[PDB]
2 protein chains.
Amino acid sequence: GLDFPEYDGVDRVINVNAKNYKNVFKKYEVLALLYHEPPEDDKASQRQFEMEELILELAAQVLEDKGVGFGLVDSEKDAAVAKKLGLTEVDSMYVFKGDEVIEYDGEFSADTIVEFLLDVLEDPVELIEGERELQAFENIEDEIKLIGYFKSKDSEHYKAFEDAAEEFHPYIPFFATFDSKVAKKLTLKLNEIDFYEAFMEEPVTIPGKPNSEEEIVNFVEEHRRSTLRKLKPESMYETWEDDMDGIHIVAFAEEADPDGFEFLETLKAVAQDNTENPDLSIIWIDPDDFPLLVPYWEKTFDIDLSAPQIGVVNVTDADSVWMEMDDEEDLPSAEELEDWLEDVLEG
Amino acid sequence: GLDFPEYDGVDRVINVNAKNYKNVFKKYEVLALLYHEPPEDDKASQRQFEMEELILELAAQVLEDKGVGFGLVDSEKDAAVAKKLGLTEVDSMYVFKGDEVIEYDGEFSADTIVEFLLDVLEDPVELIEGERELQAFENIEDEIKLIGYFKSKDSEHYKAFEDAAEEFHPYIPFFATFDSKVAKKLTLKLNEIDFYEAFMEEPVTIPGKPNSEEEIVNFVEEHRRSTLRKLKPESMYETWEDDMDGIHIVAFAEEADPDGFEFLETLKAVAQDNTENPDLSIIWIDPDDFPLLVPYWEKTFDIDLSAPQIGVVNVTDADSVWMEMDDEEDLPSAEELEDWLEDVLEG
Ligand SMILES: [Ca+2]
Ligand SMILES: [Ca+2]
Ligand SMILES: [Ca+2]
Ligand SMILES: [Ca+2]
């Protein structure tokens, strides 16, 4: 209360080993384990890990009362514990809530770790009982949204829905309603599951009742990638891996600046036209959400980010081309984007 | 380019002393100096500073090509250099661009340090030559905006305006136009300076030409505090110090959630009514902008932050009272806020 919140220097991150990993597991609600190889002998690698340890130490302090634990499993000194716990990807964070395990693959900053783990602490299903709560659903525009209308929470169909909610927690939100009155506002019947793709006004309905736990999974697996995706720090690396033939379409637009405000809606219209093109993965990167990568992007691509930008980035060749633009000239329309997209299939 | 941006472990922060501080100064465009007392003998204080050093080390890596340097002046081993450089506030960061010196007093995270220093690297005066650029000015709603219409940049009146711009760089933005056509869109004559208070639609004009360098300062000094202020990480501590008789009015509203979207406009109307009340400092805190302080606020005040909240916080007594609210019930209007403000002057 009165104590101002600062990093107190108290070590909290647990050196997991074969003796305590059980006690540690049965101790915290959610346990975050960083599976790391031993840092090299040199002073620089020691400092890279020195920061990783601290970034976790700051998160361990923030989520102490919230029942979130942090541990470091050494790929060699704790090789046994990692084998049993199913720890494969070295230099990566695994998150354990109940039985489902999460291979965290976002940015490793104390900000993003905590927000992600806070979103892990809540329930997978987020119920709606009011219009003020139903208005929030209608505002979701930046990621994959899912809605399921059930008669009751105790019903068996909704019991397989929460089980199908844990497999994607918390990267894509799963909502559920038990009101028939809102079921008509969403064109959703009883046990009818609607699917909202990211940045898509008109949704896509899923097969009628019944829907098994295995059923709900396989549809998202086919539609996890939206035509347009916002780059989020909690998953910026899994998103960047998911490209089309080593080719990403990337849009630099600040959601706040008016130049970018129309640039996002000009962009979202392009994906509305070519959503029948599964080979089209375009990624919107809010520069206000990645302030540490701004000077590196401006230098790698020779651009100014104060002005919105768009181009094609080759992941395989590590090459990029960027639409030259004039700030005084009018912001190019969606026709000028696909006309410039004609120079994408030329090579 | 191809190298993925990670903290490389290379130490960059300079141990400033009496031998190199001149060479260091004449080396970087902007030099950030952390004036710190020597950490205590114990292992916890050593780790608190261990993180402070790293948070700077990450910023030194990001702004290396951008000509930004970082240094640690020890209040005892570099006591001479601190005396000459005018370093008074211990455990605080000083920023040196040219001759004006900045006592940085925001949050000490690598995110905020870099954005602040990037805003330091640009010019104090941000010129407008287009409508796309003039539309950005009209979108500024969260802080103090200033506009000055001059005939030419080479003019003497605009030369004292850039000199009056450095004294407030970069906490409040100073714009300047040389177009007479936009001067009519802002009700601003030749050498007429208009002042936009934060969250205030109708601005307030400043005395006509001439305006000295000393003149521009003293008006902002009287009007630096807006009736309503957004809590920004780059200055969250200077803002929290600036209270009214140990009393802050604080609003917890997420700018994205629809519940908070109307809660901010309900709030901004209240300040529009009582802007003639200089004793009224209310602070809006975007919970999406301070993710590390969320579990501490929810515990200190016994609230849920998913729902917007407002109350009165006593800085002197370290006490607070919060408007009890129902999520199903309608979001209280601006009349219910001042009616609940009646219970502020009762004690
Ligand atoms: Ca171990
Ligand atoms: Ca699609
Ligand atoms: Ca020294
Ligand atoms: Ca005022």
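Residue positions begin at 1 at the first shown residue.
Method on record in the header is X-ray crystallography, 3.3 Å.
Backbone N, Cα and C atoms are what each Cβ position is placed from, and that goes for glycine too.
A:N314 (N-linked glycosylation site): 15 other CB atoms within 10 A of its CB, across all protein chains. In the three-state DSSP classification, A:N314 (N-linked glycosylation site) falls within a strand. Sequence annotations record features per position, and here Swiss-Prot assigns N-linked glycosylation site to A:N314.
Sequence-distant neighbours of A:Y7 (phosphotyrosine) (same chain, 6+ residues apart, CB-CB distance under 8 A): A:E57, A:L58, A:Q61. Feature annotation from Swiss-Prot assigns phosphotyrosine to A:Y7.
The feature phosphoserine is assigned by Swiss-Prot to A:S45 (among others), with similarity to another entry given as support. Other C-beta atoms found within 10 angstroms of the C-beta of A:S45 (phosphoserine) number 15, with every protein chain shown included.
If you look up Swiss-Prot, you'll see A:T88 marked as phosphothreonine. DSSP classifies A:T88 (phosphothreonine) as coil under the three-state reduction.
For A:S180 (among others), the entry in Swiss-Prot reads phosphoserine. Taken residue by residue with DSSP, A:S180 (phosphoserine) is part of a helix.
Long-range Cβ neighbours of A:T88 (phosphothreonine) (same chain, at least 6 residues apart, Cβ-Cβ under 8 Å): A:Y35. Chain B has a C-beta under 8 angstroms from the C-beta of A:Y7, A:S45, taken from the recorded positions A:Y7, A:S45, A:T88, A:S180, A:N314.
Distance from the CA of A:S180 (phosphoserine) to the CA of A:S45 (phosphoserine) is 58 Å. When the alpha carbons of A:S180 (phosphoserine) and A:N314 (N-linked glycosylation site) are compared, the span between them is 48 angstrom.
Following the DSSP three-state reduction, the secondary structure of A:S45 (phosphoserine) is helix.
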